[PDB]
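Novice: Before anything else, here's the structure in question.
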Amino acid sequence: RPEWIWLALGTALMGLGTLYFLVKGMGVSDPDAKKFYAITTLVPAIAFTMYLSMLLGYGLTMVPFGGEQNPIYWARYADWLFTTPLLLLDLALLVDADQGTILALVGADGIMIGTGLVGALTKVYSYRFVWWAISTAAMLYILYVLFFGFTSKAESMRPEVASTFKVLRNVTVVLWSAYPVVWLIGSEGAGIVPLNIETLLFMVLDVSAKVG
């Protein structure tokens, strides 16, 4: 579809989603609350607010041809930090204080999803490549922190069991088996072919970054 899944879904349908998580996700009334389910609107804010601000903002691909090497469409400094790893799991709602959570999982974020965007450039070299693909030389060990987990929430009073993890982690090991690959063929990037593989394919899965 895109346009009008890039820029209709998003803004005008995943906002409608985000009018909102919350018009009601708990809040009781309004969610600073909380730290679950999440964050409500801080991920669903930092997911509508960009995919608005970084929606136009975000249109198609531009910056490489203008000056700076990449950031609109791959924001991804407001699509994969934010939303996405302000909730992949967490990565920054939990970011707890209490040290098991933490920088194992900021280990996943500013470490190996930061290094997963600081990770799509250098546009040669390196850093294109096995820094993001070193992240997926870790998104297997670390995925088997969350696949050691969550056959291991030794840190609640709940089998979340199939009911949230077998959801998320299969969404991960499918829509992030299709969150590292078709951004070769969603611009590795080169400069930039149809352009349709590009972003029009890719952005079917931008959806997943917003929610689901």
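Residues are named by chain letter and number: chains run A, B, ... in the order of the structure tokens, numbers start at 1 in each chain, and ligands are numbered from 1 in the order shown.
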Against segment 120-123 of chain A, which residues of segment 18-76 of chain A fall within 10 Å? For each one I want the closest pair of atoms and the distance in Å (one decimal), counting only C-alpha atoms, rows by chain and increasing residue number, as a tab-separated table.

Specialist:
residue	atom	partner	partner_atom	distance
A:69	CA	A:121	CA	7.6
A:70	CA	A:121	CA	8.0
A:74	CA	A:120	CA	9.2
A:76	CA	A:120	CA	9.7

Novice: Would you put the residues from that selection into a file with C-alpha atoms, as a PDB file, in the first residue's frame?

Specialist:
ATOM      1  CA  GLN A  69      23.945   9.793   5.939  1.00  0.00           C
ATOM      2  CA  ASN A  70      20.447   8.260   6.404  1.00  0.00           C
ATOM      3  CA  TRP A  74      15.099   4.702   9.107  1.00  0.00           C
ATOM      4  CA  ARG A  76      15.815   5.096  13.220  1.00  0.00           C
TER       5      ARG A  76
END

Novice: How close does each residue of segment 14-123 of chain A get to segment 154-175 of chain A, giving the shortest atom pair and distance in Å to one decimal for every residue with an atom at most 12 Å away, counting only C-alpha atoms, sorted by chain and residue number, as a tab-separated table?

Specialist:
residue	atom	partner	partner_atom	distance
A:37	CA	A:164	CA	11.6
A:84	CA	A:172	CA	11.2
A:87	CA	A:168	CA	11.1
A:88	CA	A:168	CA	8.6
A:89	CA	A:168	CA	8.3
A:90	CA	A:168	CA	11.6
A:98	CA	A:155	CA	11.2
A:100	CA	A:155	CA	9.2
A:101	CA	A:155	CA	9.9

Novice: So which bits of segment 29-199 of chain A end up alpha helix (DSSP H) when you DSSP the backbone, as a count of residues only?

Specialist: 25

Novice: Nearest to residue 14 of chain A among A:26, A:192, A:47, A:139, with distances taken over only C-alpha atoms: which residue is it?

Specialist: A:47

Novice: Near residue 58 of chain A, within 9 Å and counting only C-alpha atoms, which residues show up once chain neighbours fewer than 2 positions away are dropped, as an mmCIF file with C-alpha atoms, in the first residue's frame?

Specialist:
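Listing of result_15.cif after writing:
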data_model
loop_
_atom_site.group_PDB
_atom_site.id
_atom_site.type_symbol
_atom_site.label_atom_id
_atom_site.label_comp_id
_atom_site.auth_asym_id
_atom_site.auth_seq_id
_atom_site.Cartn_x
_atom_site.Cartn_y
_atom_site.Cartn_z
ATOM 1 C CA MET A 50 7.125 10.549 15.942
ATOM 2 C CA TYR A 51 5.421 8.881 13.140
ATOM 3 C CA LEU A 52 4.086 12.486 13.264
ATOM 4 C CA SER A 53 7.091 14.759 13.912
ATOM 5 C CA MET A 54 9.349 12.076 12.488
ATOM 6 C CA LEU A 55 6.608 11.329 10.000
ATOM 7 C CA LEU A 56 7.275 14.488 7.927
ATOM 8 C CA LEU A 60 10.468 7.862 2.030
ATOM 9 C CA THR A 61 14.256 8.465 1.709
ATOM 10 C CA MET A 62 16.013 11.852 1.327
ATOM 11 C CA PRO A 71 18.085 9.619 9.148
ATOM 12 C CA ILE A 72 14.526 10.190 8.075
ATOM 13 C CA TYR A 73 12.892 6.869 7.253
ATOM 14 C CA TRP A 74 15.099 4.702 9.107
ATOM 15 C CA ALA A 75 14.623 7.451 11.651
#

Novice: From the options A:137, A:185, A:143, A:46, which residue's atoms come nearest to residue 104 of chain A, counting only C-alpha atoms?

Specialist: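 Among the listed residues, the smallest separation from residue 104 of chain A belongs to A:143.
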
Novice: Please report the interatomic distance between atom CA of residue 107 of chain A and atom CA of residue 187 of chain A in Å with one decimal.

Specialist: 25.8 Å

Novice: Near residue 18 of chain A, within 12 Å and counting only C-alpha atoms, which residues show up once chain neighbours fewer than 4 positions away are dropped, as a list in words?

Specialist: residues 9, 10, 11, 12, 13, 14, 22, 23, 24, 25, 39, 40, 41, 42, 43, 44, 45, 46, 47, 48, 49, 50, 51, 52, 210 and 211 of chain A

Novice: Residues within 8 Å of residue 183 of chain A, please, as a list in words. Count only C-alpha atoms; anything in the same chain fewer than 6 positions from it doesn't count.

Specialist: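 After dropping sequence-adjacent residues, the list is residues 189, 198 and 202 of chain A.
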